[PDB]
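Chemist: pasting an experimental structure, sequence included:
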Amino acid sequence: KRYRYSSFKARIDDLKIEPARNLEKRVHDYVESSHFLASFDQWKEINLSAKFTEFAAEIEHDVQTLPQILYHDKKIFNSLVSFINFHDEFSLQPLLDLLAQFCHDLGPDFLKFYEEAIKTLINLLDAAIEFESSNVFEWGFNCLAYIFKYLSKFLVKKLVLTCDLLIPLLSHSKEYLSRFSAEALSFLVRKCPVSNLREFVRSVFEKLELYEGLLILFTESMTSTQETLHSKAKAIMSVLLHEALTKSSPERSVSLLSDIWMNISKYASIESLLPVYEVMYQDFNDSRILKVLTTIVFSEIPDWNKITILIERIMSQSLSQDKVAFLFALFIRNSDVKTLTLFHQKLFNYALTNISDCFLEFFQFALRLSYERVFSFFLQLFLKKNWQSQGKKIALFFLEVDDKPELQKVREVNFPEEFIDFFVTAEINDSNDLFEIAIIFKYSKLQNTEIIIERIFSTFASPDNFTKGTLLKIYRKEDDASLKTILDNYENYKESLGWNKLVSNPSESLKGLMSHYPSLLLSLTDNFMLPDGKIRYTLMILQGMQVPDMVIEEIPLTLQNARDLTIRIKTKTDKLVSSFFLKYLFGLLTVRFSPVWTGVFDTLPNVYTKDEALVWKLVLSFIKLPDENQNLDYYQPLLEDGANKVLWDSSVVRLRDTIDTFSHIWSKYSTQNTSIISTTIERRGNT
Amino acid sequence: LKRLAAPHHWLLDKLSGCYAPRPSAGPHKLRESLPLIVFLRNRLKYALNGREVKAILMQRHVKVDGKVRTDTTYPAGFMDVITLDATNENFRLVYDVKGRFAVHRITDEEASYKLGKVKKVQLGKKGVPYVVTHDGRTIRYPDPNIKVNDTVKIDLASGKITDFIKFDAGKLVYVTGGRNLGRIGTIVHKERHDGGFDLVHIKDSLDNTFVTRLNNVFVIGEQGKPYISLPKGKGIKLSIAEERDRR
Amino acid sequence: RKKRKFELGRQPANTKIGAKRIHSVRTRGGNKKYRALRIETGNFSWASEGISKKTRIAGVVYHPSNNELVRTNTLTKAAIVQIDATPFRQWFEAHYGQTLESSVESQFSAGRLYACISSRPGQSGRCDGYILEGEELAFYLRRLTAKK
Amino acid sequence: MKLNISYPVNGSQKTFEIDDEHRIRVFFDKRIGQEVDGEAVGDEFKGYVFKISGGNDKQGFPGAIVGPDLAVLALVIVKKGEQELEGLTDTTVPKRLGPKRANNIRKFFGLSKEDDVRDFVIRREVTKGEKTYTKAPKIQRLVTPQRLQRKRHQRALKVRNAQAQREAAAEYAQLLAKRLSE
RNA sequence: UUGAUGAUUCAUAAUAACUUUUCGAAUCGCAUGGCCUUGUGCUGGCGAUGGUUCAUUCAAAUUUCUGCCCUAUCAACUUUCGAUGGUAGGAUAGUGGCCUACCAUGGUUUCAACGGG
RNA sequence: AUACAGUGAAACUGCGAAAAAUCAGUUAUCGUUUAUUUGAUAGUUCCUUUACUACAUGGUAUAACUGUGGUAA
């Protein structure tokens, strides 16, 4: 199977110049002592374009005998320029190949024409963008790289002039023109010596403010060798790049050098990095170097990294530093450096945000420094750890109560001195942090409930209730006072932590008829609270709790059919709970098998057990409903950015920047602590 | 797949297997067309075998009168152009003195258009006058002085008409089909029966008053100033015996 | 496409009135035909003023090639049928202002007119007739006397 | 007698093995889809509605009156009762493939036509041993950016063709005007 | 003030309806461009399939007439169960007894109809 | 690549498997089909539409598959 019919983009992405790796091409090194006559009389016999044959009819007396080439230098170049800028698509391989062999044959006398040739072929490459045929700029970039391969001996000073001529091919806002120009310039970088290279890169760093991606492609193809190794110019190209960096450059220069280090470390990655990292560390010993350190440590040497980080931390003490410490803790394999780095980051600031980023990256170990960070001295990190995963909460349970207990008693005293929307928000900001701090807090929470007698403040009272037989009497008092899912979780915590039945019982069938809202999680928590309350004060209720807690779709359809069959074969509390959970299954609106099974089993039992009222309630729930919980103030953001545009380092920087924006400031932290939201008020347009 | 008795002005080799190519449906008839297999395989010899002809057809190198027509058995018959983009070539295929399909190498400025005899002028739909031609290009809105058995000059970028040669007594003519093939000249007599068998008689350098069927003739232009070039001395068929007597 | 055989035929459509049914039949080369079977309605048109209307056909009272088709009430081409006369009477009253030719004004108050089938609903798919008027009306009144 | 009975609500089937030749007498003279009682045919289940469809004798053949060679009898469950038989009503089988059309997945997840679904697709999981592979089927008949671009191009194609045609008609009108004038 | 044909009731347009209904794109691969009302906003190319009607093409279908052995101890054949024509219809992609009704009683032939190998 | 993306079993689909007696020609199809190829070909589908609407595009009904068997092949 051949003749694949690649697309234009397929041809270009599979295309790459590398004229040394253009393997054989023995069409011109078999020189008949003139070399232009060799390529010319080969192309006159293989290709017959109309204007190429007219070009040969204009030129043919003036091609043979290399002294008669060198005498008639102007007319042949003016004819070649006229026909190239004529640019039929069919006559572009012979003209560009003749230009390449023409520069090969002249050499040092080509320099008078060198600044016309490049801009004429640049107009040709823009015309090839319009032409849409990959062969055209295949030939064009091959002839350009041949011009570089034959004039690299004399393009020593004028690298800045050839980049001034090759700006509209590095930066064109087309993607592939950048890479195709950049690897030819990269071959020209694998050339002219180190002092000219460093002054060239110091003169080209001014063009940063698609030039960044173009220079990234140029430096990457320069340092990169053939296969699974780095080139011989890498151990000096990294030195020239790092010495043109370090505060004698622009702003995005560290980001471009970091992207170059990431691309080279992704490409070579086996043994040639052992020759690059030595010169890189020896040049980076002289001192933002944290961006280079994060680039060196992100891509998965540890002793030298530890020594350099120790020198960096000492020079800093005598953000991006938190990101570098997070990456070192996530990537290193050294126990002594890690145990020293814990105390170093403790001496550093924003330890709560660093612990949040480190737990998000890799929850490794060492939760015993956040206790000292809290004793030195909050809300949102402990809130996210409390609402975090299973092992995350099991590790945050250690330093939940092990915080600054003086500050916890201070928060308890400031909560006992009650003030009582914004005051409830201040009470919630105290309550979520002081929840991990008995009867005194319970009576103060009852006083706060009586004083507040919005739904977020109800959930804050629920958070204090989850923080809590005196507690049973306090829960009876809150029952006398009786989001809602957090309230049902608080009721489950209260029933997990007689005369109360003689006081209350009403509430059982009320919670049963309330367990039909637009949240299966709220239905599960309400059924849990009803089961615990009916226990402390049943078979179909526990079966419905099990069946409400594609194979899951068929099993849930059969299970809801079985529970409806049992309720059809068989108290008023059980009847109301079965009808409300059946309405919850018919308005779950997230599994069509269950939403068919409930509506197919409901028309067998008795009607008018609040059935027409529940159906009218479902048909009238789409009338008018919205939400507006609370608000806060505003602050600033958008800092700690060591990179912009690369591989997955950009995604990791976006994740750490979003975490720092969540835990960023006072007003941002208040809004993000308010942003912890309850179950949804949803499921419209199908009920 | 019925073959081995082809139209014998194709001149295929007889020790070339058994069969012979079947021209598909197209703008011309069966035994007065010439498919691109017979063209590119045994008429100018650019490809050896028929699947290599299929390769050069599939690779978009050949276009008959404007567009590509990637097809082996495509009956590109008389008077059209074949603009081979590579080799800079414009094959117009015209007739010869003997009965074969002679080739040209047309300039681009003449290959930009083609011509052809009409077959009828009609009113198609919604009261729209449209003409046809011999190669099926039923084109709309002519000049309504177009008569039957007349030639229009198709623009071949669009399908418009640039000019037409309103034939009458005395404007330069071509012939096609019949045993008086490849002759020019239009001025002796103009016969018109009722049911065919009639010609505008011919006058040449030797003034040979010749006739054929009126279906077997169509026009080119003015006397001495033709719209198409003609191959090998603007074919006359004087005599081969007189040619070997003189030269 | 289009072979030949020696000698056979097919079963006719020989349509009736009442319970209109249309059965499509396969035609080689386009124009898929329709046999009307027992069709009860038809398109009937005035010749002079030129107005059609779909009208419930009452019955064929004359056939010029088989008398038994009038007995079986067969709707072929070129028969003599009665229909309703009321929408043509409605257009006549509406746009002439007469509110009623002589030998059709005498048929109006009788109630049902005479018309001629021109389609072939045994093969075509529909039934049309035009109301006879003029010398056709003269010879078909003579054909009514040939009936009686 | 082998009985392959299918419970289509749970999509399962099982073969029972039945005695009772005077219930084979009941199975005789039954049309395709007649009332057959579950407790009356079976001492192992109670009170259903069974409708026959067809049966295979020896060599497996497809009037409606069955014969005595009918070893295999196919039954479907119409009206379930309560009994949890371990072969018909207990065994839950999964749906092999989920929905593929856009409005079909909108009906299957109840999705409120402003959603732009593109995330509720039913994944399936494989792993060669070290590298995981999750696979999402496709969503055809879905409003991608391509289809309305194609509809836009169709509409503009029809309008542009009509524009060029009604330009050429006016050009022929001026040509007939000048042919009148000469 | 009108197209062509040797020739039209041709081509076509309008008129008044009937449409068990026709078609008038719910499709596909590649690039992703220009704009500014930065919205998943407006537009945009190359060409694969499908469809209305006309022309051409091939393919099929009948139908015209010129043309083949030995024969009159082979001269009558055919209308039955249409054999030969008309008229209307059924039919049929279609003309046409190809069939159905009513009317007429024909047709072929000695120059070898019809039959014999 | 959290709709899929190049690879492809199987299956659905699309297309194609069509002894004046024979004939060799000749004439017409203004007495039929015109599939395939080629060239032109079409703004009109809701407006008893503001208690304003499927078109940023709506519905089934199944193969391959999964499962139960027969069977002597």
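Modeler: Alright, I've got the coordinates. Residues are numbered from 1 along each chain as shown, chains lettered A, B, ... in the order given.
Chemist: and residue A:607, how far from residue A:615?
Modeler: Residue A:607 sits at a distance of 9 Å from residue A:615 (criterion: Cβ to Cβ, to the nearest Å). Where you see a C-beta, it was placed from the backbone N, CA and C, and this is true even at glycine.
Chemist: okay, those two: which has more neighbours?
Modeler: The neighbour comparison of residue A:607 against residue A:615 (other Cβ atoms under 10 Å in any protein chain shown) goes to residue A:615, with 14 against 10.
Chemist: longest strand of chain B?
Modeler: For chain B, the strand reaching the highest residue count under DSSP state E is reported as strand B:89-95.
Chemist: separation between the closest residue to chain D within chain C and RNA strand E?
Modeler: Ranked by Cβ to the nearest Cβ, the top residue of chain C for proximity to chain D is residue C:30, at 26.5 Å. Taking Cβ to the nearest atom of the strand, to the nearest Å as the criterion, residue C:30 is separated from RNA strand E by 7 Å.
Chemist: helix, strand or coil: sort out the residue lying closest to residue A:12 once chain neighbours are set aside for me.
Modeler: Of all residues beyond its chain neighbours, the one nearest residue A:12 is residue A:176 (5.0 Å), with distances taken as Cβ to Cβ, 6 or more residues apart in numbering or on different chains. Reducing the assignment to helix, strand or coil with DSSP: H, G, I helix; E, B strand; the rest coil, the entry for residue A:176 is helix.
Chemist: any idea how many residues pack against residue A:176?
Modeler: When counting by other Cβ under 10 Å, one arrives at 16 neighbours for residue A:176.
Chemist: please tell me how far it sits from RNA strand F.
Modeler: Residue A:176 sits 17 Å away from RNA strand F, going by Cβ to the nearest atom of the strand.
Chemist: hmm, back to that, how far away from the center of its chain is the longest strand of chain B?
Modeler: Relative to its parent chain, strand B:89-95 has a centroid offset of 9 Å by Cα atoms, centre = their mean, to the nearest Å.
Chemist: how about the residues of chain D by RNA strand E?
Modeler: By the criterion of Cβ under 7 Å from any atom of the strand, the positions of chain D lying close to RNA strand E are D:140, D:145-147, D:149-154, D:156-158.
Chemist: let's see it at 10 Å
Modeler: For chain D, the contact set with RNA strand E under Cβ under 10 Å from any atom of the strand comprises D:116, D:138, D:140-161, D:176, D:180.
Chemist: among the residues you listed, name the ones in strands.
Modeler: Among those, DSSP E puts none in strands.
Chemist: quick check: chain neighbours aside, which residue is closest to residue A:666?
Modeler: With Cβ to Cβ, 6+ apart as the criterion, residue A:666 has its nearest non-adjacent residue at 6.3 Å, and that residue is residue A:635.
Chemist: what is the neighbour count of that neighbour?
Modeler: For residue A:635, the neighbour count with other Cβ under 10 Å is 13.
Chemist: tell me which element it falls in.
Modeler: In the assignment (DSSP states H and E), residue A:635 maps to no helix and no strand.
Chemist: which ones are touching it?
Modeler: When contacts are counted by Cβ atoms under 8 Å, 6 or more residues apart in numbering or on different chains, residue A:635 touches A:664-668.
Chemist: got it, and residue B:187?
Modeler: For residue B:187, counting by Cβ under 8 Å, 6+ apart, the contacting residues are B:169-170, B:201, B:203, B:223.
Chemist: among those residues, which two are most distant?
Modeler: In those, the most distant members under the criterion Cβ to Cβ are B:201 and B:223, with 14.1 Å between them.
Chemist: number of nearby residues for residue A:580?
Modeler: Using other Cβ under 10 Å as the criterion, residue A:580 is surrounded by 23 other residues.
Chemist: surely it is in a helix?
Modeler: Yes - according to three-state DSSP, residue A:580 belongs to a helix.
Chemist: just checking, residue A:584 touches residue A:515?
Modeler: Yes - shown here, residue A:584 and residue A:515 form a contact pair, counting by Cβ atoms under 8 Å, at 6.9 Å.
Chemist: any common contacting residues for the two?
Modeler: Among the neighbours of residue A:584, those also in contact with residue A:515 (Cβ under 8 Å, 6+ apart) are residue A:523.
Chemist: how about residue A:585: what's its closest non-neighbour residue?
Modeler: Sequence neighbours aside, residue A:598 is the residue nearest to residue A:585 in space, at 4.2 Å (criterion: Cβ to Cβ, 6+ apart).
Chemist: just give me the neighbour total for that neighbour.
Modeler: If we define neighbours as other Cβ under 10 Å, then residue A:598 has 22 of them.
Chemist: hang on, isn't it packed against residue A:589?
Modeler: No - in this structure, residue A:598 is not within contact of residue A:589 by Cβ under 8 Å, at 11.2 Å.
Chemist: hmm, back to that, wait, a helix at the residue nearest to residue A:585?
Modeler: Yes - the secondary structure assignment for residue A:598 places it in a helix, going by three-state DSSP.
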